[PDB]
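Novice: One file is attached below, upload.pdb, containing PDB, C-alpha atoms.
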```
ATOM      1  CA  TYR A 396       0.000   0.000   0.000  1.00  0.00           C
ATOM      2  CA  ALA A 397       1.264   3.460  -0.957  1.00  0.00           C
ATOM      3  CA  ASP A 398      -0.160   6.657   0.536  1.00  0.00           C
ATOM      4  CA  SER A 399       0.848   9.973  -1.031  1.00  0.00           C
ATOM      5  CA  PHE A 400       0.169  13.560   0.010  1.00  0.00           C
ATOM      6  CA  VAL A 401       1.781  16.978   0.490  1.00  0.00           C
ATOM      7  CA  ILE A 402       2.310  18.663   3.863  1.00  0.00           C
ATOM      8  CA  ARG A 403       4.219  21.571   5.371  1.00  0.00           C
ATOM      9  CA  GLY A 404       7.906  21.406   6.220  1.00  0.00           C
ATOM     10  CA  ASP A 405       7.496  21.124   9.990  1.00  0.00           C
ATOM     11  CA  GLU A 406       4.806  18.409  10.025  1.00  0.00           C
ATOM     12  CA  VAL A 407       6.973  15.603   8.594  1.00  0.00           C
ATOM     13  CA  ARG A 408       8.010  14.663  12.132  1.00  0.00           C
ATOM     14  CA  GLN A 409       4.375  13.963  13.033  1.00  0.00           C
ATOM     15  CA  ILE A 410       4.281  10.928  10.712  1.00  0.00           C
ATOM     16  CA  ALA A 411       5.317   8.209  13.169  1.00  0.00           C
ATOM     17  CA  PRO A 412       3.726   5.447  15.273  1.00  0.00           C
ATOM     18  CA  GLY A 413       2.572   6.622  18.683  1.00  0.00           C
ATOM     19  CA  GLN A 414       2.877  10.281  17.680  1.00  0.00           C
ATOM     20  CA  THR A 415       0.543  13.065  18.807  1.00  0.00           C
ATOM     21  CA  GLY A 416      -0.025  16.415  17.128  1.00  0.00           C
ATOM     22  CA  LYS A 417      -2.422  17.892  14.572  1.00  0.00           C
ATOM     23  CA  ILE A 418      -1.916  15.776  11.451  1.00  0.00           C
ATOM     24  CA  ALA A 419      -1.178  12.718  13.600  1.00  0.00           C
ATOM     25  CA  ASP A 420      -4.720  12.601  15.033  1.00  0.00           C
ATOM     26  CA  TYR A 421      -7.007  14.639  12.739  1.00  0.00           C
ATOM     27  CA  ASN A 422      -5.746  13.953   9.212  1.00  0.00           C
ATOM     28  CA  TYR A 423      -3.731  10.708   9.147  1.00  0.00           C
ATOM     29  CA  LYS A 424      -3.108   8.047  11.802  1.00  0.00           C
ATOM     30  CA  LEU A 425      -0.549   5.244  11.742  1.00  0.00           C
ATOM     31  CA  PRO A 426      -0.968   2.055  13.793  1.00  0.00           C
ATOM     32  CA  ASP A 427       1.357   1.488  16.725  1.00  0.00           C
ATOM     33  CA  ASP A 428       2.672  -1.770  15.218  1.00  0.00           C
ATOM     34  CA  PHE A 429       3.024  -0.319  11.712  1.00  0.00           C
ATOM     35  CA  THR A 430       5.569  -1.983   9.431  1.00  0.00           C
ATOM     36  CA  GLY A 431       6.952  -0.266   6.364  1.00  0.00           C
ATOM     37  CA  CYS A 432       8.772   2.927   5.475  1.00  0.00           C
ATOM     38  CA  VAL A 433       8.200   6.657   4.976  1.00  0.00           C
ATOM     39  CA  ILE A 434       9.699   8.830   2.225  1.00  0.00           C
ATOM     40  CA  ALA A 435       9.765  12.631   2.205  1.00  0.00           C
ATOM     41  CA  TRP A 436      11.276  15.147  -0.190  1.00  0.00           C
ATOM     42  CA  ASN A 437      11.153  18.893  -0.734  1.00  0.00           C
ATOM     43  CA  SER A 438       8.903  20.261  -3.472  1.00  0.00           C
ATOM     44  CA  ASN A 439       9.309  24.028  -3.065  1.00  0.00           C
ATOM     45  CA  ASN A 440      10.304  24.268  -6.742  1.00  0.00           C
ATOM     46  CA  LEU A 441       7.033  23.013  -8.251  1.00  0.00           C
ATOM     47  CA  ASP A 442       4.515  22.550  -5.414  1.00  0.00           C
ATOM     48  CA  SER A 443       4.987  26.178  -4.299  1.00  0.00           C
ATOM     49  CA  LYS A 444       3.350  28.989  -6.275  1.00  0.00           C
ATOM     50  CA  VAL A 445       4.156  32.693  -6.010  1.00  0.00           C
TER      51      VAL A 445
ATOM     52  CA  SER B 939      -5.522 -27.565  80.264  1.00  0.00           C
ATOM     53  CA  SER B 940      -3.088 -25.310  82.130  1.00  0.00           C
ATOM     54  CA  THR B 941       0.232 -25.356  80.274  1.00  0.00           C
ATOM     55  CA  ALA B 942       0.220 -23.764  76.824  1.00  0.00           C
ATOM     56  CA  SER B 943       2.749 -23.829  73.952  1.00  0.00           C
ATOM     57  CA  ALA B 944       2.477 -27.627  73.747  1.00  0.00           C
ATOM     58  CA  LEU B 945       0.837 -27.435  70.301  1.00  0.00           C
ATOM     59  CA  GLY B 946       3.479 -25.328  68.596  1.00  0.00           C
ATOM     60  CA  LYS B 947       3.546 -27.391  65.407  1.00  0.00           C
ATOM     61  CA  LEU B 948      -0.025 -26.713  64.297  1.00  0.00           C
ATOM     62  CA  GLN B 949       0.192 -23.074  65.378  1.00  0.00           C
ATOM     63  CA  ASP B 950       3.413 -22.496  63.454  1.00  0.00           C
ATOM     64  CA  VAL B 951       1.985 -24.176  60.349  1.00  0.00           C
ATOM     65  CA  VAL B 952      -0.988 -21.809  60.508  1.00  0.00           C
ATOM     66  CA  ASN B 953       1.319 -18.836  61.058  1.00  0.00           C
ATOM     67  CA  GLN B 954       3.488 -19.827  58.093  1.00  0.00           C
ATOM     68  CA  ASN B 955       0.479 -20.025  55.784  1.00  0.00           C
ATOM     69  CA  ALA B 956      -0.819 -16.666  57.005  1.00  0.00           C
ATOM     70  CA  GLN B 957       2.596 -15.037  56.595  1.00  0.00           C
ATOM     71  CA  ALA B 958       2.951 -16.353  53.048  1.00  0.00           C
ATOM     72  CA  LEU B 959      -0.468 -15.008  52.093  1.00  0.00           C
ATOM     73  CA  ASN B 960       0.231 -11.645  53.731  1.00  0.00           C
ATOM     74  CA  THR B 961       3.559 -11.147  51.977  1.00  0.00           C
ATOM     75  CA  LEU B 962       2.041 -12.192  48.649  1.00  0.00           C
ATOM     76  CA  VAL B 963      -0.697  -9.588  49.062  1.00  0.00           C
ATOM     77  CA  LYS B 964       1.699  -6.878  50.258  1.00  0.00           C
ATOM     78  CA  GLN B 965       3.934  -7.435  47.229  1.00  0.00           C
ATOM     79  CA  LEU B 966       1.266  -5.614  45.187  1.00  0.00           C
ATOM     80  CA  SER B 967       2.480  -2.231  46.507  1.00  0.00           C
ATOM     81  CA  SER B 968       5.922  -2.214  44.855  1.00  0.00           C
ATOM     82  CA  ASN B 969       7.136  -0.118  41.932  1.00  0.00           C
ATOM     83  CA  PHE B 970       9.520  -2.812  40.637  1.00  0.00           C
ATOM     84  CA  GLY B 971      11.341   0.046  38.924  1.00  0.00           C
ATOM     85  CA  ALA B 972       8.219   1.594  37.387  1.00  0.00           C
ATOM     86  CA  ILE B 973       6.930   5.085  38.194  1.00  0.00           C
ATOM     87  CA  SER B 974       3.935   4.001  40.304  1.00  0.00           C
ATOM     88  CA  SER B 975       2.381   0.934  41.894  1.00  0.00           C
ATOM     89  CA  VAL B 976      -1.196   1.546  40.670  1.00  0.00           C
ATOM     90  CA  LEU B 977      -2.114   0.919  37.039  1.00  0.00           C
ATOM     91  CA  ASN B 978      -4.715   3.677  36.733  1.00  0.00           C
ATOM     92  CA  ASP B 979      -2.109   6.323  37.570  1.00  0.00           C
ATOM     93  CA  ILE B 980       0.009   5.282  34.580  1.00  0.00           C
ATOM     94  CA  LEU B 981      -3.061   4.924  32.371  1.00  0.00           C
ATOM     95  CA  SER B 982      -4.180   8.453  33.299  1.00  0.00           C
ATOM     96  CA  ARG B 983      -0.901  10.389  33.321  1.00  0.00           C
ATOM     97  CA  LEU B 984       1.158   8.938  30.477  1.00  0.00           C
ATOM     98  CA  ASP B 985       0.363   8.405  26.812  1.00  0.00           C
ATOM     99  CA  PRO B 986       0.066   4.854  25.402  1.00  0.00           C
ATOM    100  CA  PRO B 987       3.552   4.247  23.978  1.00  0.00           C
TER     101      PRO B 987
END
```
Would you put the structure from the file into structure tokens?
Specialist:
Amino acid sequence: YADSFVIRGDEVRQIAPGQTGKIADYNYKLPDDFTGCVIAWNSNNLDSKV
Amino acid sequence: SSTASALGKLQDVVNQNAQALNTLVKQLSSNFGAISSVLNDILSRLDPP
């Protein structure tokens, strides 16, 4: 399973098992025993508009 | 009828059983290295992980 989205720079830390915040409980939750991997990369060149 | 302490064997058996039960019950009040000895305190203060 692959889940893709775009978030702010400071919220990447919230993506983790047993993590509490704003995204971590109101937008996307990961199970405590989650197995897999997470990939993040900057997109200020194309995903940011003047 | 008069002299006591002649039945020490049965009395000491009873005392041993009572002491074992008492120490087993009292062991429930120990941290064992945790932060508290009552589960609800941990379940109320700390987060799951």
Novice: Could you tell me, as a PyMOL selection string, exactly which residues end up selected when the PyMOL selection byres ((chain A) within 12 of (chain B)) is applied to this structure?
Specialist: chain A and resi 411-415+426-428
Novice: Work out how far atom CA of residue 406 of chain A is from atom CA of residue 982 of chain B, in Å to one decimal.
Specialist: 26.9 Å
Novice: Could you jot down the atom CA of residue 976 of chain B to atom CA of residue 962 of chain B separation for me, Å, one decimal place?
Specialist: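 Atom-to-atom, atom CA of residue 976 of chain B and atom CA of residue 962 of chain B are spaced 16.2 Å apart.
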Novice: Kindly provide, as a list in words, the polymer residues lying within 12 Å of (-1.4, 24.0, -3.0), counting all atoms listed in the file and using the coordinates exactly as they appear in the file.
Specialist: residues 400, 401, 402, 403, 438, 439, 441, 442, 443, 444 and 445 of chain A
Novice: Mind giving me the straight-line distance from atom CA of residue 955 of chain B to atom CA of residue 940 of chain B in Å, one decimal?
Specialist: 27.1 Å
Novice: Name the residues in contact with residue 397 of chain A at a cut-off of 12 Å, using only C-alpha atoms, excluding same-chain residues fewer than 5 positions from it; report them as a list in words.
Specialist: residues 431, 432, 433 and 434 of chain A
Novice: Put those residues in a file: C-alpha atoms, as a PDB file, in the frame of the given file.
Specialist:
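After the write, selection19.pdb holds the following:
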```pdb
ATOM      1  CA  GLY A 431       6.952  -0.266   6.364  1.00  0.00           C
ATOM      2  CA  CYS A 432       8.772   2.927   5.475  1.00  0.00           C
ATOM      3  CA  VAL A 433       8.200   6.657   4.976  1.00  0.00           C
ATOM      4  CA  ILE A 434       9.699   8.830   2.225  1.00  0.00           C
TER       5      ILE A 434
END
```
Novice: Write out as a PDB file with C-alpha atoms, in the frame of the given file the residues lying within 12 Å of residue 966 of chain B, counting only C-alpha atoms and excluding same-chain residues fewer than 4 positions away.
Specialist:
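This went into part.pdb:
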```pdb
ATOM      1  CA  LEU B 959      -0.468 -15.008  52.093  1.00  0.00           C
ATOM      2  CA  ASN B 960       0.231 -11.645  53.731  1.00  0.00           C
ATOM      3  CA  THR B 961       3.559 -11.147  51.977  1.00  0.00           C
ATOM      4  CA  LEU B 962       2.041 -12.192  48.649  1.00  0.00           C
ATOM      5  CA  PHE B 970       9.520  -2.812  40.637  1.00  0.00           C
ATOM      6  CA  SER B 974       3.935   4.001  40.304  1.00  0.00           C
ATOM      7  CA  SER B 975       2.381   0.934  41.894  1.00  0.00           C
ATOM      8  CA  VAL B 976      -1.196   1.546  40.670  1.00  0.00           C
ATOM      9  CA  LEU B 977      -2.114   0.919  37.039  1.00  0.00           C
TER      10      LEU B 977
END
```
Novice: Using only the atoms of segment 943-961 of chain B listed in the file, plus 4 Å on each side, state the axis-aligned box centre and edge lengths in Å rounded to one decimal, as AutoDock Vina command-line options.
Specialist:
```
--center_x 1.3 --center_y -19.4 --center_z 63.0 --size_x 12.5 --size_y 24.5 --size_z 30.0
```
Novice: Specify as a VMD selection string each residue included when the PyMOL selection byres ((chain A and resi 417) around 12) is applied to this file.
Specialist: chain A and resid 402 to 403 405 to 410 414 to 416 418 to 424
Novice: Mind writing chain B to a file for me, with N, CA and C atoms, as a JSON list (two decimals), in the first residue's frame?
Specialist:
```
[["chain", "number", "residue", "atom", "x", "y", "z"],
["B", 939, "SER", "N", -4.64, -28.69, 80.00],
["B", 939, "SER", "CA", -5.52, -27.57, 80.26],
["B", 939, "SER", "C", -4.74, -26.32, 80.68],
["B", 940, "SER", "N", -3.78, -26.48, 81.59],
["B", 940, "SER", "CA", -3.09, -25.31, 82.13],
["B", 940, "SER", "C", -1.95, -24.86, 81.22],
["B", 941, "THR", "N", -0.96, -25.74, 81.02],
["B", 941, "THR", "CA", 0.23, -25.36, 80.27],
["B", 941, "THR", "C", -0.09, -25.17, 78.80],
["B", 942, "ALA", "N", 0.38, -24.07, 78.23],
["B", 942, "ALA", "CA", 0.22, -23.76, 76.82],
["B", 942, "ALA", "C", 1.52, -24.07, 76.08],
["B", 943, "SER", "N", 1.57, -23.68, 74.81],
["B", 943, "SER", "CA", 2.75, -23.83, 73.95],
["B", 943, "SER", "C", 3.13, -25.29, 73.72],
["B", 944, "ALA", "N", 2.24, -26.22, 74.04],
["B", 944, "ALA", "CA", 2.48, -27.63, 73.75],
["B", 944, "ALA", "C", 2.04, -28.02, 72.34],
["B", 945, "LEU", "N", 1.33, -27.14, 71.64],
["B", 945, "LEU", "CA", 0.84, -27.44, 70.30],
["B", 945, "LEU", "C", 1.49, -26.51, 69.29],
["B", 946, "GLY", "N", 2.80, -26.31, 69.42],
["B", 946, "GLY", "CA", 3.48, -25.33, 68.60],
["B", 946, "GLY", "C", 3.52, -25.69, 67.13],
["B", 947, "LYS", "N", 3.43, -26.98, 66.80],
["B", 947, "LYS", "CA", 3.55, -27.39, 65.41],
["B", 947, "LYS", "C", 2.37, -26.89, 64.58],
["B", 948, "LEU", "N", 1.15, -27.15, 65.04],
["B", 948, "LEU", "CA", -0.02, -26.71, 64.30],
["B", 948, "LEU", "C", -0.08, -25.19, 64.23],
["B", 949, "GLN", "N", 0.22, -24.53, 65.35],
["B", 949, "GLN", "CA", 0.19, -23.07, 65.38],
["B", 949, "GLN", "C", 1.20, -22.49, 64.40],
["B", 950, "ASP", "N", 2.40, -23.06, 64.34],
["B", 950, "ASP", "CA", 3.41, -22.50, 63.45],
["B", 950, "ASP", "C", 3.09, -22.79, 62.00],
["B", 951, "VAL", "N", 2.45, -23.92, 61.71],
["B", 951, "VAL", "CA", 1.98, -24.18, 60.35],
["B", 951, "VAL", "C", 0.98, -23.11, 59.93],
["B", 952, "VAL", "N", 0.01, -22.83, 60.81],
["B", 952, "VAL", "CA", -0.99, -21.81, 60.51],
["B", 952, "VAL", "C", -0.32, -20.46, 60.30],
["B", 953, "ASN", "N", 0.63, -20.12, 61.17],
["B", 953, "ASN", "CA", 1.32, -18.84, 61.06],
["B", 953, "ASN", "C", 2.11, -18.74, 59.76],
["B", 954, "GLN", "N", 2.74, -19.84, 59.35],
["B", 954, "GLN", "CA", 3.49, -19.83, 58.09],
["B", 954, "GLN", "C", 2.57, -19.58, 56.91],
["B", 955, "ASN", "N", 1.42, -20.25, 56.88],
["B", 955, "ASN", "CA", 0.48, -20.02, 55.78],
["B", 955, "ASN", "C", 0.00, -18.58, 55.77],
["B", 956, "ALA", "N", -0.35, -18.04, 56.94],
["B", 956, "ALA", "CA", -0.82, -16.67, 57.01],
["B", 956, "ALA", "C", 0.26, -15.69, 56.56],
["B", 957, "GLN", "N", 1.51, -15.93, 56.97],
["B", 957, "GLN", "CA", 2.60, -15.04, 56.59],
["B", 957, "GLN", "C", 2.83, -15.07, 55.09],
["B", 958, "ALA", "N", 2.77, -16.26, 54.49],
["B", 958, "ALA", "CA", 2.95, -16.35, 53.05],
["B", 958, "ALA", "C", 1.86, -15.58, 52.32],
["B", 959, "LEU", "N", 0.61, -15.74, 52.74],
["B", 959, "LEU", "CA", -0.47, -15.01, 52.09],
["B", 959, "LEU", "C", -0.29, -13.50, 52.27],
["B", 960, "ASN", "N", 0.09, -13.07, 53.47],
["B", 960, "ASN", "CA", 0.23, -11.65, 53.73],
["B", 960, "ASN", "C", 1.34, -11.03, 52.89],
["B", 961, "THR", "N", 2.48, -11.71, 52.78],
["B", 961, "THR", "CA", 3.56, -11.15, 51.98],
["B", 961, "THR", "C", 3.20, -11.16, 50.50],
["B", 962, "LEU", "N", 2.48, -12.19, 50.04],
["B", 962, "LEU", "CA", 2.04, -12.19, 48.65],
["B", 962, "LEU", "C", 1.13, -11.01, 48.36],
["B", 963, "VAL", "N", 0.20, -10.72, 49.27],
["B", 963, "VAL", "CA", -0.70, -9.59, 49.06],
["B", 963, "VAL", "C", 0.07, -8.27, 49.12],
["B", 964, "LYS", "N", 0.96, -8.13, 50.10],
["B", 964, "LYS", "CA", 1.70, -6.88, 50.26],
["B", 964, "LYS", "C", 2.66, -6.62, 49.11],
["B", 965, "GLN", "N", 3.05, -7.65, 48.37],
["B", 965, "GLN", "CA", 3.93, -7.44, 47.23],
["B", 965, "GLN", "C", 3.29, -6.57, 46.15],
["B", 966, "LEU", "N", 1.97, -6.38, 46.20],
["B", 966, "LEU", "CA", 1.27, -5.61, 45.19],
["B", 966, "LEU", "C", 1.55, -4.12, 45.26],
["B", 967, "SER", "N", 2.24, -3.65, 46.29],
["B", 967, "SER", "CA", 2.48, -2.23, 46.51],
["B", 967, "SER", "C", 3.92, -1.84, 46.20],
["B", 968, "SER", "N", 4.52, -2.44, 45.19],
["B", 968, "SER", "CA", 5.92, -2.21, 44.85],
["B", 968, "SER", "C", 6.05, -1.69, 43.43],
["B", 969, "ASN", "N", 6.95, -0.72, 43.25],
["B", 969, "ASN", "CA", 7.14, -0.12, 41.93],
["B", 969, "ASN", "C", 7.80, -1.09, 40.97],
["B", 970, "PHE", "N", 8.72, -1.92, 41.47],
["B", 970, "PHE", "CA", 9.52, -2.81, 40.64],
["B", 970, "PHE", "C", 10.30, -2.04, 39.58],
["B", 971, "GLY", "N", 10.65, -0.80, 39.87],
["B", 971, "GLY", "CA", 11.34, 0.05, 38.92],
["B", 971, "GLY", "C", 10.45, 0.89, 38.04],
["B", 972, "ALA", "N", 9.13, 0.77, 38.16],
["B", 972, "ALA", "CA", 8.22, 1.59, 37.39],
["B", 972, "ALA", "C", 8.10, 2.97, 38.05],
["B", 973, "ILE", "N", 7.13, 3.77, 37.61],
["B", 973, "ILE", "CA", 6.93, 5.09, 38.19],
["B", 973, "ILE", "C", 5.83, 5.09, 39.25],
["B", 974, "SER", "N", 4.98, 4.07, 39.30],
["B", 974, "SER", "CA", 3.93, 4.00, 40.30],
["B", 974, "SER", "C", 3.52, 2.55, 40.47],
["B", 975, "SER", "N", 2.83, 2.28, 41.57],
["B", 975, "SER", "CA", 2.38, 0.93, 41.89],
["B", 975, "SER", "C", 0.91, 0.70, 41.60],
["B", 976, "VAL", "N", 0.22, 1.67, 41.00],
["B", 976, "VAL", "CA", -1.20, 1.55, 40.67],
["B", 976, "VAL", "C", -1.37, 1.81, 39.18],
["B", 977, "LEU", "N", -2.05, 0.88, 38.50],
["B", 977, "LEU", "CA", -2.11, 0.92, 37.04],
["B", 977, "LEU", "C", -2.83, 2.16, 36.54],
["B", 978, "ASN", "N", -3.92, 2.55, 37.20],
["B", 978, "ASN", "CA", -4.72, 3.68, 36.73],
["B", 978, "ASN", "C", -3.92, 4.97, 36.71],
["B", 979, "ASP", "N", -2.95, 5.13, 37.61],
["B", 979, "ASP", "CA", -2.11, 6.32, 37.57],
["B", 979, "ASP", "C", -1.32, 6.40, 36.27],
["B", 980, "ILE", "N", -0.70, 5.29, 35.85],
["B", 980, "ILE", "CA", 0.01, 5.28, 34.58],
["B", 980, "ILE", "C", -0.96, 5.49, 33.43],
["B", 981, "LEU", "N", -2.10, 4.81, 33.46],
["B", 981, "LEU", "CA", -3.06, 4.92, 32.37],
["B", 981, "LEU", "C", -3.68, 6.31, 32.27],
["B", 982, "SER", "N", -3.64, 7.10, 33.33],
["B", 982, "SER", "CA", -4.18, 8.45, 33.30],
["B", 982, "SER", "C", -3.14, 9.51, 33.00],
["B", 983, "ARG", "N", -1.91, 9.35, 33.50],
["B", 983, "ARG", "CA", -0.90, 10.39, 33.32],
["B", 983, "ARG", "C", -0.22, 10.27, 31.96],
["B", 984, "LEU", "N", 0.32, 9.10, 31.65],
["B", 984, "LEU", "CA", 1.16, 8.94, 30.48],
["B", 984, "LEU", "C", 0.33, 8.60, 29.24],
["B", 985, "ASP", "N", 0.93, 8.82, 28.08],
["B", 985, "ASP", "CA", 0.36, 8.40, 26.81],
["B", 985, "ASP", "C", 0.59, 6.91, 26.61],
["B", 986, "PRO", "N", -0.09, 6.30, 25.64],
["B", 986, "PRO", "CA", 0.07, 4.85, 25.40],
["B", 986, "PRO", "C", 1.52, 4.40, 25.32],
["B", 987, "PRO", "N", 2.35, 4.98, 24.43],
["B", 987, "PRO", "CA", 3.55, 4.25, 23.98],
["B", 987, "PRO", "C", 4.47, 3.71, 25.07]]
```
